């Protein structure tokens, strides 16, 4: 159930935080408490054939999933309102900007520091996967920071518009997501599961370390072909300062066969995320991110 009231009776609506093509997000403040939040206005789809808005069934799904999740690295749902046109989700305010845009301003970044941000993401996704929840839209712009003005920023995974609970012995197939970041089973219209998220993590890791994107072609047709042929390389132009541990981590994620891809638990336990001896920790410490190419590709 959604509250059948005028949201603006209870919240002062403020400046825009961004706007997808299916939602508009704005700062707000609950009048009764004075606490700040984000108000995510979702336009309800008015007809079955319509390409505008979202069908209330999928909004309900997003809400149902948000309600199950409480974790430091996952956006927190506060409330839901509804009128004739929109459903409005009141969500924890995540104002710190994107992770990538924080990194783009660093003057130095080691793999050690890099892995510490990546672990925050793995913690969030581990939590969802344990609850059998697939995010299905992991990509830099859904990786945000609470506050970009503290020494080590806190990551929050946002936007559960495509998230889905995965049911055993129940097949889920659909096509969606940003081509650059989708797993081969999405392009190939094959059974989807928690594995797609793991693929995305590899692609995001690849970009964070190097500035390059593994499968991105000159056109979408090219991107999809690269994905499905699992066609990519570790160009020395961009990867010459990247550790073998890093590449091994990536290599084990960018795999077509869903059952051979590292799970979230295995990713957390990979030596590049969780060194098992001093030697590995030193190597990681001595490997640097390609800030120069990273900054360049992301501006």
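Residue numbers count along the first chain shown, from 1.
Stretches 103-111 and 214-222 differ in mean CA B factor, with 103-111 having the higher one. In this crystal structure, the stretch out of 145-153 and 204-212 whose C-alpha atoms carry the higher mean B factor is 145-153. Of the residues listed, 270, 247, 67, 259, the entry assigns the biggest Cα temperature factor to 259.
Reading the B-factor column for the CA atoms of 264, 253, 49, 35 in the entry, the top value corresponds to 49. When all modelled residues of the chain are sorted by CA temperature factor, residue 174 is found within the lowest third.
Residue 291: CA B factor lies in the middle third for its chain, per the PDB record.
Sort the chain's modelled residues by C-alpha temperature factor and residue 123 lands in the lowest third, per the entry. When all modelled residues of the chain are sorted by CA temperature factor, residue 86 is found within the highest third. Ranked by C-alpha B-factor against the other modelled residues of its chain, residue 164 falls in the middle third.
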